[PDB]
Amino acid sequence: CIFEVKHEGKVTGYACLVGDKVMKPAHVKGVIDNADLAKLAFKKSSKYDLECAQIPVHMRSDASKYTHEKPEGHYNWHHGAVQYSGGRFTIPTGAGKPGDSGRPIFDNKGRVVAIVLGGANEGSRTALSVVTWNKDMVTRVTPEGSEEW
């Protein structure tokens, strides 16, 4: 699902294929390093800090599944754990540096629970700025003091 969004040879973020759409955080500079993906029609929402595009048939096989079911607990991500509690995601400060946008936070079954956009460093823990689902609805949760990765 993850596809890197390069900008002049520099990887600036990522793009996941979640369900039937190809998502990419709007704020991220660059183009997707996948020929077929670059060529698609992207719709951009500044409200959600997103920029999605409906996936082509031949790539739908490599499309991940998403979910609203996000009980309190622990989730997985590129840089380990993500504590989830109080409708808030968190990672130990320093696991996520800039360039970590578009990465998914998934459950133990593979389902993508949310997509990182950036994070608010609040001591030992950084409260993540994310794109999350809501009974078939894409919401966006963002903490005060948030940077964009």
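The first residue of the shown sequence is 1; numbering continues from there.
Judged by mean Cα B factor in the deposited record, 57 to 65 ranks above the other of 57 to 65 and 86 to 94. Relative to one another, 48 to 56 and 103 to 111 have unequal mean CA B-factors, and 48 to 56 is the one with the higher figure.
Across 22, 127, 137, 141, the greatest Cα temperature factor reported in the deposited entry is at 137. When the CA B factors of the chain's modelled residues are split into thirds, the value for residue 40 lands in the middle one.
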